[PDB]
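Heads up: the structure comes next, in structure tokens.
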């Protein structure tokens, strides 16, 4: 995860940001320059680029029983593999502490059928997202959330959202509702051994206030706003025990009715994060913590499009599968002692980096949200044999496995290694979008006949709509040739010339039209088929990115005929008609980002935060750090190879 | 910084000055003798050329986290490639405090061992700035800032100041206003194991008075005057602890009625400087101070515009970005034990230089204000080349980044390698001039409209004006050709003569017009294009400099008219009619300085304090000095090249 | 410490002395001879030299939490480093003694958060200083203390001291005041394991009377006299337990009111020292004992000057930082068993030597008091590039670290290795004197106009005033050339001759004038600057040491012009004008001490005691003696090298 975000910057200083939102949306800006060279002549044009996002979403969160992960407990009470060494724990009771042989023998007889399920991903997920929510309320940016309306001049579209951002809550409150729902049976535990199969949480080193917060995050979760990470969840455990130096009542009183809603308010994000840092550090759930932060960042937000067609992306919701809650670390007072076992080297590297820089999760989610939408959109164009020298069925391959679905989209576009969740049957997918022909119905207020699709006030779209800009990860190149996604490319000779224009290959034309528009010229074309919504390479102001022509997504049309290239209203670099045999010259255009930032609303400007990797080194003391992890639990990122994108071990 | 102002040790010696001002403005007088060689004879003249400087300026300074710098720690825990050895640090407190076995590290981590944000370039700024303010108070010059008005017979210029001078203060008092604002929660700590994630600064060796001043420089700052270095600031920290054998409360007493305003007054600049030096020397922040002294100097004082056309630059308030305050050097005492690791050889040179000779910072800031102002105007040309260079082959692309920005201007006007900031995301820049073709307006009065082109009391200007003269950094090096900035140049006449024999190249007429104005004849000219009323070269009296008209840079004109030259009221030397044939004899023009000195207000002069090199030579004893350094944390210098210029590391 | 005191005597028999004082002062005398050779002619002159000291002082003693030092406990219950092996101690309870597994398991659960702080430096400090105080009362020299008045003939000065030596106490009484302050909660403990986090002291092998003394030294300490080692301190522990064979009541009764002030009087110095020897030996606190005796000797006394300027040294007080009291050795009856671990080889070597010769601490403090004042004074002159071939900023270097401050002063002058404290955040410094320009206001009764500084009845002084004589450490040489501090030197040719006298280098002149005065001649001079309080190399009777000329402390004046050298009232060796080209001859003068002693008052004569190092060998039985100790805890003395004085490991 961290290794990924820093790779997108070519490892050249990663400038991240923290959470911020204006009614559920924000935008990033990058001062970028593009050069134009021909016969030794260079012309640079700097402009302002921007791309807005939206924390709002309604993810369908499912909760099912997962696998037991005891990879954080002492090496002394675990087998060479996950399995719990009961015989060693039973002996430890009579040998180290004061317990009779008959007392331990009886407990061992009772402890028989007991299923030792340990999964804190669900709870950690809440504590983390509840932190993000508090951070927004802390910044005074906590609202009910809303979607920005898309009006251009030919039509308007405002996505309907179930809750009004204007009457709603300005304060992040306890998700568990007072007086409307029941609560879990919690109780302080300080005995030498478990008496019930119920989940045992260990928070001995935590502060009284921090514990109250974990008990609150362990209760029911009610979706009060529209933000995606605000998904509604049930109470993790119907009943359980918590290992701590004493008994806690401060939250119990609030549920009893005695305590006032004021006297018991959601603690600050610092104490919220310190309770999460203290918890995962003590229980050594680093491996499980990595899975939670990974899944929460994947559905954190979605990049808002500047076209009606792209709004179909915000129309669909993500299907996530979160493992039910399980805890056994607090069953014994010596389970989290000794040396931590089976801790991943990546999980620790990421964990310590997320602890020092919580912004990393937010910045990572933003990079993933855009690299996902593009990697999915590129899936259609790439399968068209477009710019791809590797022939494969992107169509059904890697997007058929739930855990690797989201990763195949990123690696497909970014070209890098997409980090896996590090678990099984845990993921964030868009099942209804696995189909290439999959259509979407988006409600629009027709204003004009320019033409888009129309039926009963909403227009039809197929597959994933290019919505975001490739500027939040400018080095990305969804191809194996020099193109706009690339750092630089050259516009070559139209393979054929004539009287009204010149023909070009599907790619060569877009490559030209893109750098052509940025140069202040409108590119017109005419292909041999019809399902071009229109003639003229579309590109929009703000990011000035000439989107890849839709028609090329439809195969067997391998050539395009670009005609009449007339300069636009605002002209920057003067240039050669190029589609002319005479006026043509080879031109190399290079785009590079000089400064990137983000701003929410009209007054919040956020400067990119820096993180020193030399300082953020993880602590390997008391930890058994492993560099090799098998695939079934899905350790290791997936990447695109010459043979095609597939899963591979971390190593 | 030191290498910059002196000229990398040339002839090796140095005479600099110290802060002093008349209501926020002083003057740099120079006595020079210009020679006129022609006819195998050399005529000349001696005179007085002064250049005013206004320390007044309202800088819009903001603060946000900058990557932590842990250079000021023991080499035992900080490696170059091994980065931070966190495990080694926790492997220490195990044998130093009441923690049993392996419980220690995990305990220390949970609370503080994960943050480590260190940075002291917020406090160092205040102590250094408040020192400059205290010195003027001691010298009897602490008064508000007031921009001197410009009256050139024609149009006068007056600038608005948000606080009056006369009825203002006369003594620099504590920036923090008691009875009005709140204060940072502080307390002396000595626990071998910190219990709260919060700033921890080491001042153990400092005296009670010196410590008080640190907590006073740590508290909220209130801008009382118009001077640039008095930039309004908040309290570096909301809560923190300091390591010291005693608990200083002289400041706490004054925080209430107990300690009276009188008996707590700001300590002498000698005590402020001695406490500042001890603080940096103790923890070892040499690298952090280098950058702190760099920013405050770049924002220090501006050059008072000798011409009205050069007044538009004065109104621009540079946006400065200082990092937030974070401390990690008082967390534990064993941190500062041993050889200070990874310390820049340059930051040490300056620390050893400015500590012994604090005057340098001021003299350096003075050179940077004129060099920046001149390098900004030169960029306008260099890129276009007076319309000789067709494309943008000048590569001024560095002016984009705010950090390399100010350095780029200096490196543009001088072959000197502009000193970087030594930190990332920190800087002082004018974003309102990113586009060198930048236009600006100016509030005007009236007096006969002549080549002034005004618009309803608003003087329109392009790029940046020439608000001052060379001399302070005289052997300049702005034009690869001989000229006034260079020091000497000659007169080869008109390409062709006419009725009045007026024909020269844009700079050839300016070369002669500048030298003619000196001798005693303001030369008249003509341009059939819009001269907006311009008929003769302009020259001020205080600063007898003749500027290159904006039309001599408009790129529309190449050839020039010099209708005739006329005998001025005050005449010096004597000369032939070179603007006509049969009389023109080339003249070699070179001017040298007899004596330079600085005098503010008007009473008692100041004779430069010569600063030679090797008495400053630092002692590497007990320190790990590093000559190299990346480019990520900004360490190196922007340099001028044969294409344009580019950023290069210190190597 | 011991290795140091014996080095000052060139290892040629160390003659030490014990404590003694006449109203807070004493003086040392040394029969010394100086030889004069030229053209094979030798003339020796023997005289009586003396230098008085003063035990009186008012050190500002601060008490702060320090580090835990368990380096004296059995190797069986300690990790490879300081850390306490709890698991081994817990097992030892159920395995060796009779305790149930449930009883030990419960105690282990309670013993959880417990901080194991162990620091007896504060208590040991009291027991030692209280011994010195009893020794004086035992010798009948116990008084309220006072400072000797300095009257010469031109002015008089008597330093004001808060308590009258004449009405005051003649007997050393319990510092803890009866009926005016509360007492700590002490209680006999003989259980197998701790029941409370409170400090547990172990004094099982001590006698009932000795224990009462430790309980008294563990209570509050009231400063009844003016002696420096009489500093006022609070009650080490508010409550605690002591491990002994039985319960003690003899001191409890005195606090209850039943016991009479007579029946309960402070025991003799023998039983006081036997209680300290028994305590440190049993608890094996040798390492901690070394730190206490080290700090107490550093502030023990100050050498009285024979000039008004030198009295500024007695004007300032020392800032010491003593670690709060902590004890855990008495928590278990087997903690001080087995083999002592992590005991320093120097601490044991010094401890056994201080046990056989308590005088060592007093003699050592006297050597340090003079070698400190001179090393600090030499700091100014040495930084002037005077006689120093090594160029360094003595100014801020080593005197910025609290723990090494006092050591850098000794090593700077003595040239030997200055032994460190052997701990952290523990020291004795003069913060207000770290400044070179630091001024002092000394109250004087002007009598004459001879000239010194004057303002409102007190004269101004800057930096450290040469007060003591280099005879209490005659081999010392604060230079790298042959000089008075040296064993012998030669007066060479004035590098230049003329009609009224001869010029000499700053050193060569003082070298001459010093041996010139001892020869019965007054040396007059005239340098090119003015801030010479007067003309004529000053030297005073008693020690007849010609003090290094103040003016030379001010740089850039590298030459002195010695004129008119006329013989003094009392003439000894006839000699050559020497500043004459004709009468000049190379003369080698050698000074050597033949007999040194000390006498307090008018009748107390003390003969130098001798110590046989072959007999005083330390016991290594049952002890784990380590010869290597790291710097963070500050083990190893600091010394002046060719690269400059810096810290170095003992080895």
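Chains as they are written, first to last, in the authors' numbering: chain A, 1 to 651; chain B, 1 to 651; chain A', 1 to 651. A prime marks a further copy of an entry chain.
A virtual CB, placed ideally from N, CA and C, is assigned to each residue, including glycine.
If you draw a straight line from the C-alpha of residue 33 (chain B) to the C-alpha of residue 469 (chain B), how long is it?
C-alpha separation (whole angstroms): 16 Å.
Are three or more beta carbon pairs between the region 45–53 of chain B and the region 93–100 of chain B nearer than 8 Å?
Cβ pair count under 8 Å is below three, so no.
When you check each C-beta in the region 87–102 of chain A' against every C-beta of chain A, which residues fall closer than 7 Å?
The residues in question are 100, 101, 102.
Whether or not the region 120–131 of chain A' and the region 209–219 of chain A' are in contact is what I'm after, with contact meaning three or more pairs of Cβ atoms, one per stretch, closer than 8 Å; do they touch?
Verdict: yes, contact present.
Name the DSSP bridge partner or partners of residue 62 (chain A)?
Residue 62 (chain A) is bridged to A:321.
What residue range does the beta strand (DSSP E) around residue 271 (chain A') cover?
Premise fails: residue 271 (chain A') lies in the alpha helix (DSSP H), 269–282, not in any beta strand (DSSP E).
Between which two residues does the alpha helix (DSSP H) harbouring residue 189 (chain B) extend?
No alpha helix (DSSP H) holds residue 189 (chain B); the beta strand (DSSP E) holding it covers 185–189.
Kindly confirm or deny that the region 252–268 of chain A and the region 351–365 of chain A touch, where touching means at least three C-beta pairs closer than 8 Å.
No, because fewer than three Cβ pairs between the region 252–268 of chain A and the region 351–365 of chain A fall closer than 8 Å, the two stretches do not touch.
Run down chain A in chain order and give the residues with a C-beta less than 8 Å from the C-beta of residue 104 (chain A').
Residues of chain A passing the Cβ test: 98.
Using only CA atoms, which one of B:594, B:93, B:601 lies nearest to residue 55 (chain B)?
Among B:594, B:93, B:601, the Cα nearest to that of residue 55 (chain B) belongs to B:601.
Give the C-beta separation of residue 118 (chain B) and residue 328 (chain B) to the nearest angstrom, bearing in mind that I take them to be a contact with Cβ-Cβ under 8 Å.
Indeed they touch by this definition, with Cβ atoms about 4 Å apart.
With 8 Å set as the bound, which would you pick, yes or no: does the beta-carbon of residue 403 (chain B) sit closer than that to a beta-carbon of chain A?
No, residue 403 (chain B) lies away from the interface with chain A (no Cβ there is under 8 Å from its Cβ).
Can you find a CB in chain B that lies within less than 8 Å of the CB of residue 282 (chain A)?
Yes - at least one Cβ of chain B is within 8 Å of the one on residue 282 (chain A).
Which term fits residue 21 (chain A), buried or exposed, when burial requires 16 or more other beta carbons within 10 angstroms of its beta carbon?
By the neighbour-count rule (16 or more Cβ atoms within 10 Å), residue 21 (chain A) is buried.
Do residue 274 (chain A) and residue 191 (chain A) have their C-beta atoms closer together than 8 Å?
Taking 8 Å as the Cβ cut-off, residue 274 (chain A) and residue 191 (chain A) do not qualify as a contacting pair.
Select from the region 193–217 of chain A all residues with a C-beta closer than 8 Å to any C-beta belonging to chain B, and list them in chain order.
Per Cβ criterion, the list reads 205.
Who pairs with residue 156 (chain B) in a beta bridge, going by DSSP?
Bridge partners of residue 156 (chain B): B:151.
With residue 101 (chain A') as the anchor, note down where its alpha helix (DSSP H) starts and where it stops.
First-last of the alpha helix (DSSP H) with residue 101 (chain A'): 101–110.
Let me check understanding here. Comparing Cα to Cα, which of A':239, A':212, A':326, A':645 lies closest to residue 276 (chain A')?
Minimum Cα distance to residue 276 (chain A') is reached at A':212.
Does residue 570 (chain A) come within less than 8 Å of chain B when only Cβ atoms are used?
It does not; no Cβ of chain B falls within 8 Å.
Which same chain residues end up closer than 7 Å to residue 571 (chain A) when comparing Cβ atoms and leaving out the 5 residues on each side of it in sequence?
Counting only Cβ-Cβ distances below 7 Å, and skipping sequence neighbours, we find 520.
If you reduce the DSSP assignment to three classes, tell me which class residue 298 (chain B) lands in.
Three-state DSSP puts residue 298 (chain B) in a helix.
Cβ of residue 595 (chain A) less than 8 Å from any chain B Cβ?
Yes, residue 595 (chain A) counts as interfacial toward chain B.
Cα separation between residue 626 (chain A) and residue 617 (chain A)?
Those two C-alpha atoms are separated by around 16 Å.
Between residue 588 (chain B) and the rest of its own chain, which residues show a CB-CB distance below 6 Å, the 5 nearest in sequence each way excluded?
Contacts found: 37, 490.
Per DSSP, residue 226 (chain A') is paired with what?
Per DSSP, none; premise fails for residue 226 (chain A').
Extract the residue ranges of the beta strand (DSSP E) inside the region 486–536 of chain B, only unbroken runs of 3 or more that lie entirely within it.
Fully enclosed beta strand (DSSP E) runs of 3 or longer: 488–490, 521–524.
Do you know how far the Cα of residue 644 (chain A) is from the Cα of residue 512 (chain A)?
Near 28 Å, if we compare the C-alpha coordinates of residue 644 (chain A) and residue 512 (chain A).
Taking one C-beta from the region 226–239 of chain A and one from the region 296–303 of chain A each time, how about it: are there three or more such pairs within less than 8 Å?
The region 226–239 of chain A, when compared against the region 296–303 of chain A, does touch it at the 8 Å Cβ threshold.
Does at least one heavy atom of the ligand NAD sit under 7 Å from the Cβ of residue 336 (chain B)?
Summarising the ligand content, the structure contains no ligands, and the ligand NAD is consequently not present.
Scan the region 520–548 of chain A for residues whose Cβ lies nearer than 9 Å to a Cβ of chain B and list them as they occur along the chain.
Hits within the stretch: zero.
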